[PDB]
Amino acid sequence: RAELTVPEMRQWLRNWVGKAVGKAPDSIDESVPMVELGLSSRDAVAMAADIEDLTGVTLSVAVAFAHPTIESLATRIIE
Ligand SMILES: [Ca+2]
Ligand SMILES: [Ca+2]
Ligand SMILES: [Ca+2]
């Protein structure tokens, strides 16, 4: 499949968060609230910009906090 997939989006988010908080991406828990992962508000701005560059989607506050886990956010960005 050519289009960006949910597994790819999940991996991209784990890698992004892992780099921001200094942890292995494989250890990033995809079911916990993203506000509990150790990200800063500056991180949120940067990650939103990077998601827009990757997907062309400008994430709204509403969508993001209604899908507040890596796995639910990834699913909603793609789907
Ligand atoms: Ca950091
Ligand atoms: Ca979990
Ligand atoms: Ca841009």
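This chain uses plain numbering: 1 for the first residue, then up along the sequence. All values below come from the heavy atoms of this structure, side chains included, with hydrogens, waters and symmetry mates left out. Start at 1 and go down the list; that is how both ligands and their atoms are numbered.
- Shown here for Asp43 and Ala20, the closest heavy-atom pair between the two residues is OD2-CB, 4.0 Å.
- Taking backbone and side-chain atoms together, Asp29 has an N/O/S atom less than 3.0 Å away from the Ca ion (ligand 2).
- A salt bridge does not link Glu71 with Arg10: none of the charged nitrogens is closer than 4.0 Å to a carboxylate oxygen.
- For the Ca ion (ligand 1), the set of nearby N, O or S atoms under 3.0 Å includes none belonging to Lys19.
- The shortest heavy-atom contact between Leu37 and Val21 is O-CG1, 3.5 Å.
- Of the candidates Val6, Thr5, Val57, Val6 is the only one forming a side-chain contact (heavy atoms from CB on, under 4.5 Å) with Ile78.
- For the Ca ion (ligand 3), the nearest N, O or S atom contributed by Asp53 is named OD1.
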